[PDB]
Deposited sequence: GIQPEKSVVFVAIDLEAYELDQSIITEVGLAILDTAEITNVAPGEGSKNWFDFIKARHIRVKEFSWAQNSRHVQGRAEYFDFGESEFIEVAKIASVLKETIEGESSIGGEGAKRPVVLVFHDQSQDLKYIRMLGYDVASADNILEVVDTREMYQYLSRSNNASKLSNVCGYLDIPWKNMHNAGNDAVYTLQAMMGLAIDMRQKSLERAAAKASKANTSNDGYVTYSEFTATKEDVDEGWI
């Protein structure tokens, strides 16, 4: 049994929302660990080569430059290669729009097992005691985070959910 976790983030130009400028991908193939999960996270930052003027580096690899016409096939290869895929988003509606605008048809993919939106879970956690504590500590620290990079955005999203999922599982078995 194997599942491919795919975290995705896309950015659009501030002054022209029809222009998609970067794609962040963070992949975790459980088949590659079936024992230290975060070492097996494959991250990619894709800068749209036609729109690199439309305006941070990539902290988990080297940023790629790809033409807009080639982006869709890259996304299709990532998601469809068919092995079951779990999509992880923050703000699912916004990112699904951006993916469509790049020429990829998510609906065509028959191998999507689940879609996870952290924006829902974090909203849900907004009235959580322990979650609020963590926020206060991070708010106190005011840590300055390279920060708009879609590649980083996707990695942090995947690490957060995988770390949470693994822990909840292990603690439930004991």
item	value
Parts of the chain sequence, as deposited, that carry no C-alpha coordinates in this structure	1-5, 40-47, 69-77, 104-112, 177, 207-240
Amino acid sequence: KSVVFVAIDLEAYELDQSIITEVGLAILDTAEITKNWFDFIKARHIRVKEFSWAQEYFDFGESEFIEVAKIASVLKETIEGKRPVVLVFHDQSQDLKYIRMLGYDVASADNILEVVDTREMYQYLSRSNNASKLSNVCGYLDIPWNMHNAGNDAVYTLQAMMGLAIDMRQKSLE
From here on, numbers count along this sequence of modelled residues.
{"query": "Stretch exceeding the other in mean C-alpha B-factor - 124-132, 35-43", "finding": "35-43"}
{"query": "146-154 versus 19-27 - greater average Cα B-factor per the deposited record", "finding": "146-154"}
{"query": "Among modelled residues of the same chain, the CA temperature factor third for residue 140", "finding": "highest"}
{"query": "CA B-factor placement of residue 66, once the chain's modelled residues are sorted into thirds", "finding": "lowest"}
{"query": "Entry-reported Cα temperature factor of residue 80, expressed as the chain third it lands in", "finding": "highest"}
{"query": "Among modelled residues of the same chain, the CA temperature factor third for residue 7", "finding": "middle"}
